[PDB]
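Student: Pasting the sequence and an experimental structure:
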Number of protein chains: 2
Amino acid sequence: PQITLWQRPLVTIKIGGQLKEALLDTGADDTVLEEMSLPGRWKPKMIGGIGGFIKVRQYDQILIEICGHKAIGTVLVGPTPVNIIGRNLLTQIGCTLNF
Amino acid sequence: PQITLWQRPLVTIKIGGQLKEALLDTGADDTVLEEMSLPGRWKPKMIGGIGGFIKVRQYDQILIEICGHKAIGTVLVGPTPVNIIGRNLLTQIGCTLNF
Ligand SMILES: O=C(N[C@H]1c2ccccc2C[C@H]1O)[C@H](OCc1ccccc1F)[C@H](O)[C@@H](O)[C@@H](OCc1ccccc1F)C(=O)N[C@H]1c2ccccc2C[C@H]1O
């Protein structure tokens, strides 16, 4: 589909069998979701945003459905203000910016 | 043009006769640029992202050229790590997310 930006580009994602709302963010290198339980071991990662850095938990090869499009990749979990779908997964679903 | 997301979507913008590099950021509600002087009165504002909030100066009705496309809107100036073109301006150039 084609999404305009008059409002936040929020879409429904499915992860861990649960539906969540997330933001399609071209400004985010990675994907970070609010605190939740994910399978397997995690590795540490520090990500920097507009207001500084936060420590997150990195999980790899996680299945996540975005607007019905299945993706499998790295998902970060931490104190993010909102669920963010970053470029690592946006590329998997073939998302591009157009104007 | 069509911009893929394998790399950060950086573009050249022109503001106040200055050419700067900025990120097309769908996750950003507003546009915020690194410290610089703009004409007119401004009002303080706090914007929050990953890592917390930062204080910025808000200027209204600023003209900016994004990839040759002229747009008018509010521009925030502050200690942002990178120049950000947010939704308030992305809409004006007809930028959409497609997949
Ligand atoms: O942190 C970022 N990337 C990093 C990131 C993100 C996730 C995972 C990894 C990484 C690494 C970086 O690419 C991006 O910033 C550019 C950016 C790029 C590279 C380096 C530093 C940097 F600041 C990101 O798209 C932010 O813009 C956006 O984050 C999502 C978000 C949405 C809504 C509320 C809170 C919130 F947080 C955000 O903070 N939005 C707020 C904002 C921004 C400008 C003006 C106003 C407002 C109000 C909010 O809409």
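Tutor: Yep, it's here. Numbering: from 1, shown residues only, chains lettered A, B, ... in the order given.
Student: and the longest strand anywhere in chain A, what other elements does it pack with?
Tutor: Counting by DSSP state E, the longest strand found in chain A is strand A:52-66. Applying 3 or more C-beta pairs under 8 Å, 6 or more residues apart in numbering or on different chains; DSSP states H and E, we find strand A:52-66 packed against strand A:10-15, strand A:43-49, strand A:69-77. (Each C-beta comes from the backbone N, C-alpha and C, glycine too.)
Student: Looking at the ones you listed, which is nearest to residue A:99?
Tutor: With C-beta to C-beta, the closest approach to residue A:99 among these belongs to strand A:10-15: 19.7 Å.
Student: For residue A:21, which residues count as its bridge partners?
Tutor: Under DSSP bridges, the beta-bridge partners of residue A:21 are residue A:12.
Student: Hmm, residue A:85 and it touching each other?
Tutor: No - checked against C-beta atoms under 8 Å, the pair residue A:21 and residue A:85 is beyond contact range at 10.5 Å.
Student: Enumerate the residues of chain A near chain B.
Tutor: Residues of chain A lying close to chain B (C-beta under 8 Å from any C-beta of the partner chain) are A:1-6, A:8-9, A:23-29, A:32, A:47-54, A:67, A:69, A:80-81, A:84, A:87, A:90-91, A:93-99.
Student: quick one, what contacts the closest residue to the ligand within chain A?
Tutor: For chain A and the ligand, the shortest gap (C-beta to the nearest ligand atom) falls at residue A:27, measuring 2.7 Å. Counting by C-beta atoms under 8 Å, 6 or more residues apart in numbering or on different chains, residue A:27 touches B:8, B:23, B:24, B:25, B:26, B:27, B:28, B:84.
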